[PDB]
Structure formats: structure tokens, C-alpha cells
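# Observations on the model geometry
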Amino acid sequence: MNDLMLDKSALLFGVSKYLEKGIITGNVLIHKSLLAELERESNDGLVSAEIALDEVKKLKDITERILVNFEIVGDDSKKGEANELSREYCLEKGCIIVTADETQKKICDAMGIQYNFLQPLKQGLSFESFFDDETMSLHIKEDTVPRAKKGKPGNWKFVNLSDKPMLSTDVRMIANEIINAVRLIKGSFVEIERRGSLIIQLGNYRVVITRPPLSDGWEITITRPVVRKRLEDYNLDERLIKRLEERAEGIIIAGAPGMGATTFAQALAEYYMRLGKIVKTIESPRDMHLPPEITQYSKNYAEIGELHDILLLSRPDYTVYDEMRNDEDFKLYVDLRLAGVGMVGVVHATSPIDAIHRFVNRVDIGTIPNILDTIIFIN
Amino acid sequence: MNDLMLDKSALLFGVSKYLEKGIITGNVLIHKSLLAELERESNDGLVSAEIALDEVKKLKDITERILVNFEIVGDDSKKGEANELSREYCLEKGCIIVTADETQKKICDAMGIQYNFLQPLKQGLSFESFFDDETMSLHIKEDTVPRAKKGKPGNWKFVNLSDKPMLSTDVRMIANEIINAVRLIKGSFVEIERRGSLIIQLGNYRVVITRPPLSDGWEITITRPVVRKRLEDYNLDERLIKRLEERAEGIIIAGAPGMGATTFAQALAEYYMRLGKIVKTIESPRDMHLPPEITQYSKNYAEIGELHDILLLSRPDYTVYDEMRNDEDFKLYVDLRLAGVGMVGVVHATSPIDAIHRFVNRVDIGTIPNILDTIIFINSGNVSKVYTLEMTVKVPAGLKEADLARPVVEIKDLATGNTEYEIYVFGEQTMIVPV
């Protein structure tokens, strides 16, 4: 009964499901213009366009068995944007726009065009099924069975979630599902997109996507952080807690790799926030699990001197510098300390004294205690 | 009895053949627009356009043979994309679209335009006939006879497969055949296209295509992966296998060139995967033969710091760094190790001090065993020697007493327990070699 005009967003969302399931009803209309767009995009090698186009057929298929029309319209003088043309069509013919795009929704509302706004089923995401409350990361690759890392950082096992390999089409669908979710989820954004790789923050999930030719096949890795070890869980000496609370300003946390030095720092940073201190972190890449009250900078995306300047205006109480390696890292730590900023630096060294050598050359000996006052060793 | 409208995809798919065979039948139509496009492309030097245009004549000739019409249609006045115009023409006049392009198929299906979708005539590809069970690679060049590399990776022999040279036209046709196959074959993609070169992954085949002016003639080299040697096929020492399974985190596989160091690393990576470890590889270019459970990154196409971030975010258990040559390579290895990622590094060297020399300058002495713990030497496809690294607090020499206290790294033979070399610092840091 209703005439429905579908935009690209509807096709990239899975509108075919809604149709069959009866959530929406009527004839299906797609503007010629949109098909033209999809064609070019498909030719330009856009992955989304394959998905969108594939959706067109399903729609036609369902249209066939439920005794409803399916048509493509508007080729005469078809000079413009698909969304704009499709609206115009709906205005002149009284059709209904179906979309998953808020922007389109808003314009339709203004123009007085009837519209149907698609809403994710409350079930959050495809891949969410595989996630366990105890699953650390999910690994998906072309021609591969999905696999998961289950446990805690100390104790975990590796697992196969299925015996069926994952098809290439399916992987790309999941990647698309994830890109769509950025708009929908809170505190989600694309970190960086490169020709071979895409890195995403999706709620608490961290997503890394790789594609040929960088990788041999499409791969998606989704990770979720484990429960943060609190400072209290480290059963701490009263002498030390007092020091941290009241006297310590230039700190180094040292330990051999895998001995828990980073994790401790994370715990200390959270503790200091809870004490009412302003805390910030510098990491590369950003991986610590901390609340939003603590701002986490990823140095990789920072321009030269950018962090230095931001931190000197911000003047936080403590800055946690994770995995200090480069001369620039040590220089920045010293600069901040000289500026009166508290620091917690993570140096992976096997002996605490070894943590110092890199600091010792940078400053005059009389200034050294002002740079560093406390070194905490982790085993 | 039908009117057939051919798109570019059909012209690149040897549609002339189909017509002869009667697989498709009717009059042939080509839209003006498409011919205009082929012309411009041909002038811009597109190789495909030459092929596509050549196919037009073939079509015309065949039409004459089978007594069917051939025509070029559409007003010169109308402008647009050839595919869009061709579809429009079909709608108005009831013609049938002939194509090998899935996109066009999908759009035609939607628009309710009848179409004929071309499917490859033979399952195998042209060149696949030339491959035998024991052939490693196939070499094709203008004015040369086809040739192949056959036998053992250590003991391969070159051969001629034919009497007659291949004309340039034949080589370009094969290249095109291969480009077309990317769409069809599973797990295929264009690695990279440059002005003079094209590199392709086609199923398990690797294809390299070169053309002038980069090369003196058109050349196509097609290679197939070798049978992979399993870790078990090396009948390794029990002491060693235990180490690899339960204690070795920072590994370097070393040897002389051609002695099998890379192949051993490939084997070890496979082994670890089977143990349920997550394994990834860094190589340049990507050549190892590994199952899809192991992901292989080609470093050449990676941006600065890209791999470092990916690997730290998606945490694998072991990363295999093949042919470590650059300072950046060693840095990354160290970064990953510090982050607790296991490494298998391939360094072609004859001496342990030579293999490890590049690592020693990077970190404080106490931290060295944490970067590197095990060094495996490969010779003639087997393990020559294994060294282990540990840090001790000791005066290097009890008689010398030059420094009363010292912390040192001892490099010990796995078999003898014999500290063949020591590492410590006394002004600039030096390696020793005890008798």
C-alpha cells in the first residue's frame, strides 16, 4: 500500500530484513540516480557499494513473493544528488522515504516528507554474539574460523568459536556493520584510516581492520579491556602509600617486560584521580583502560611539540608517560618536571638503577632529585 | 532473432568466442559511446582498450560468418557513461545486455533488463595447462618460448615448454586473462600497480607483470608456492622443542643465505599457530606460504608506525620478522618484545655476534635477555647450533678482577651449557669470546 523510496543508508543498514519481517510495508522504489551512484562507487572499488547493491537484489526477491511492485524511477533529466532527487520524487508523488541517516531524516521532516527511520534491532551487533563477558579479544579473518582469546591478562586460553570458515563477503559485512556503529555508539570514533588499515574505537571495543594488500586477507580484530587491577589489590606498604599520597612527584615505575609495570601505573593513575588529582596520560598507541575523567593522549597522532604545549597549559597534577623509549620521551618528561608537573613514567628495565641511566645524561646532577624522587620496582 | 548489446566487460572477456560457439545468439549491437570511450582510452595508452577494440573487429567478422547483423547504435549528440546509455537503449528497444561484470548484472536485474552473463568457458586458465604438478614457476615474455622452473627449491631446473615464440599480442592477452580472473578466483587481489609493473595474487598463484619501458618487453612470471616443510620434518632435539614450546619468546633464526633460515621460520610460525597461538608475519615482499590462520603483512605497503600500532593493538603471540635488514626493523622488534610480544626474527649471518650485533646497541645490558633469549643457526636445512641468553651478576673473569662487580649476559650453547660469549659494558659495550 505505501510507496517506499529507499536511500543508500537504508541499503547499507539491511532494510531487506525489515521488509520481510513486516516492520515496514509497501512497494519498493529506488531512484535511478542512486543506482548510478552505486555503480560508480562499485567501480571505484568502494566496499560499501557491493553491500548496498547486493541488498537491492534481496529487496527485489522479497518484492517477488509478497505481490508488491519493485521499480526504478527518474532517469529523464537525471542531473543531481540521489538523495535530493529521491526527495523531490517523494514530494511530487507522495512516496515515503526510508532511511537510516539522521541527516536525511531531518531534511525530510523539514520538507514535510513522510519518512520511516530505521532503528537498530536492540541486539547491538553481529559480532557481539561471539563476545563473552570473559572474552578478551575476537579474531576474524577471511577463510578462517572465528577465534577468541578467553580469560584475564594473567590467565587466558585460545578458542575456536565455530567449525565453519568465515567467508570473505561475511567479513566485509562485519566491517561495514562496525563502521555504521560509530555514529550509533557513545564515545566512538575512527582513530585513523589508511589505505591498508582502519582503526576504530567503538564504545569499549577497540577494532583493527586490515585488508589487502597490506594483509593477505581481510582481518578484523576486536578487543575489550579486562577488569582493571585496583591499587588496593596490590597490598601496599603504609610507608609507600603515604609517600605517594603526600610526597611523591617525579615517579618511575620499572619492571621487566610482562612483570606488570604498565598495569601498576594504570592503577596508580586511577588512584590519583580518585584522590582528586587531575591526571593525563601519554601512550603510543593508546591502550590503557581508564575512566574518561582521565584524558589519554596518543602521541602517534600528535604534531611536534603539541603535547608539550597542551600539557603546560593544562598543568595536570600527574602525567603518566607509558613506555618511555625515545630521547624525545625523556626530554618531555624532564621538561614537564621542570615545569612542576608530576610524572609517572614507565620504564621497562630489569634493575631500577638501569631506569636512571637515560635520565642521568639529560640533566645536571644537582637538578636530578627534582626530576625524580621515587622509583617503584615491579616483579 | 535477438539483439545483443555488449558492454566493455564482454569485449574484454572474449565474447567473440561465445558467439561462434552459439552460447549466445542474435544480432550484435555496440553503443557509440562505448566506441568513443575505447578510442580515448586507446589514445591515453590503456592496454585494455587495444584488446577491447581488437575484439570489436573479431565480432564483426564472426557476424559475417554466421549471417547476423552487426551495428553501432546511438546518436553522436547524446552524452553520458557508455554503460548507462547502453542500458537505456536496451530498455527502449528491448535488446539484451551481454556482460561479464557483476555490477552491471546486478543493475540490469534491478532495472528489469534482460541480460546474458558470461561465465568462463573452461574451469582452468589458459596458462594453467602449462603448469605440471612439479613446476615451481612459469616464465612468459614477448618473442620467447614459454619456459618453466621445475623440481626442487634447492635443485630446480629451467626448461623450454614450446617450439614457437609468443607474440606480444599473445602475452598481453594472457595478462588480461589474469586481470579478469581476479574477480573470479577466491582470495585474489591486485597487490600493486605501477607504471611499469603489476603484481597480483591469484588464488595460490603469484603473478608479476612487467612492461616497457621498465622492461625491454612484456614479461609475465607466474609462481606457485612450494610444498612447505613442517617443523616435525626437522627432527629437532627434544631439549629444543621443549624450549620453543614453553620458554622461548625472543628468537632469531640465523644462517647463511640459502641454508634454509627463512623456511625454518616459516615452519616454526606454522607450528606455533597449531599450538593455538596467534601468529602474524612481517615480510617484504610477502612470499612465505602459510595458512590463512596466520596473517602476513607486507611491510612495503605500510605507512610509518602503522605496523607498530596494529601489532600492539591486536595482540599476537608471535610475530615473524623476515629478513631483518633496516634499523627500523630492529627497532620494531625491540618495541614489540618490550610490549611482551613474542618474536621470530630471521637474520642471515654466520656468527652469533654478527646475528645479534644489531640488537646489542639498542638496549641496556640487563634488558638484553628480555629482547633475545634464543638463537637458532640453520645449515643445509637443519639446525647447526643453538645459543641461549641469560643475565648474570658476575666479574667477567675471576682472575682478571678488573671490575670487582659486574652484571653480564652469557651466551651459552644449548648442548654444552658452555658460555661461548659474554656481554658486558666497560666504557663502550663489547662482546667476549671465551676459549
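What counts, and at which threshold
Residues numbered from 1 in each chain as written, not as in the entry; some residues may be left out. Chains lettered and ligands numbered in written order. Part of a larger assembly, values for the part shown. Heavy atoms only, no water. Residues with missing side-chain atoms left out of burial classes, pairs and counts. Helix = DSSP H or I, 4+ residues; strand = E, 2+ residues; numbered from the N terminus. Rg over C-alpha atoms; globule rule 2.2 N^0.38 Å. Contact = heavy atoms within 4.5 Å. Nonpolar A, V, L, I, M, F, W, Y, C, P; charged D, E, K, R; others polar. Patch = residues over 30% accessible without salt bridge, like charges linked within 9 Å, V, L, I, M, F, W, Y side chains within 5 Å. Areas by Shrake-Rupley, 256 points an atom, 1.4 Å probe, with all protein chains shown as cover. Salt bridge = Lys/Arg side-chain N within 4 Å of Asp/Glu carboxyl O. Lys, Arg positive; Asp, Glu negative; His and termini not counted. Charge placed at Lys NZ, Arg CZ, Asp CG, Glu CD. Buried < 20%, exposed > 50% of the residue type's maximum accessible area, 1.4 Å probe, protein only. Polar contact = N/O pair within 3.5 Å; in protein donor to acceptor, adjacent residues only side chain to side chain. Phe/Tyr/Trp six-rings, centres within 6.5 Å; stacked < 30°, edge-to-face > 60°. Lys NZ or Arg CZ within 6 Å of the ring centre and 35° of its normal. Pairing = 2+ DSSP bridges. Axes fitted to C-alpha atoms, helices over the stretch in contact; angles between N-to-C directions.

Structure determination for this entry, per the PDB record, employed X-ray crystallography and reached 2.6990 Å resolution.

As recorded in the PDB entry, chain B goes by Nucleotide binding protein PINc and comes from Sulfolobus islandicus.

You'll find chain A entered in the PDB entry as Nucleotide binding protein PINc, with Sulfolobus islandicus given as the organism.

The helix and strand inventory of chain B stands at 13 helices and 22 strands. Relative to its length of 435 residues, chain B is extended, with a C-alpha radius of gyration of 30 Å against a globular reference of 22 Å. Summarising its shape, the C-alpha atoms of chain B cover approximately 105 × 45 × 40 Å along the three principal directions.

Moving on, we get to the interface of chain B and chain A. Counting residues at the interface gives 49 residues for chain B, matched by 54 residues for chain A. For the side of chain B that touches chain A, the secondary structure elements donating two or more residues are α5 (82-93), α6 (102-111), β9 (189-193), β15 (295-298), α10 (306-313) and α11 (327-338) of chain B. Of the residues belonging to the side of chain B that touches chain A, the class tally is 18 nonpolar, twelve polar and 19 charged.

Residue and element names in this part refer to chain A. Where like charges cluster on the molecular surface, the negative patch consists of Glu-81, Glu-84, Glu-88 and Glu-92. As for its placement among the helices and strands, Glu-81 is situated in the loop between β3 (70-73) and α5 (82-93). Residue classification places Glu-81 among the exposed positions, given a relative accessible area of 59%.

A word on the environment of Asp322(B). Residues and elements named next belong to chain B. Among the secondary structure elements, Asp-322 is positioned in the loop between β16 (318-321) and α11. Among the residues examined, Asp-322 registers a relative accessible area of 13% and is labelled buried. Each C-alpha atom, one on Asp-322 and one on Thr-262, is 7.0 Å from the other, the two residues being 60 residues apart in sequence. The contacts of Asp-322, once residues within four sequence positions are left out, are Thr-262, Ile-282, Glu-283, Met-288 and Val-346. In terms of polar contacts, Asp-322 uses its side chain to reach the side chain of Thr-262, at 3.5 Å.

Before going further, it helps to examine the packing of aromatic side chains. According to the stated counting rule, one finds 17 aromatic pairs over all chains in the structure shown. Taken together through their ring pairs, the aromatic side chains of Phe127(A), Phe131(A) and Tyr205(A) make up a single cluster. When the ring centre of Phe117(A) is taken as reference, the NZ or CZ atom of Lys105(A) above it lies at 4.5 Å. Directly above the aromatic system of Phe117(B) lies the positively charged group of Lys105(B), at a separation of 4.9 Å from the ring centroid.

Next up on the list: the sheet that holds strand β4 (residues 96-99) of chain B. Residue and element names in this part refer to chain B. Strands sit in the order β3-β2-β1-β4-β5 across an open sheet of five strands; the sheet is parallel. Each of the sheet's edge strands pairs with one partner strand only, and the pair in question is β3 (70-73) and β5 (115-117). Geometrically, the sheet is characterised by an average inter-axis angle of 30° between neighbouring strands, direction not taken into account. Note: strand β2 (residues 27-31) against β3, four bridges, orientation parallel. Residue pairing for β3: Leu-29 is matched across the bridge by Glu-71. Contacting β1 (3-6), β2 and β3, helix α3 (residues 32-43) runs over the sheet at an angle of about 60° to β2.

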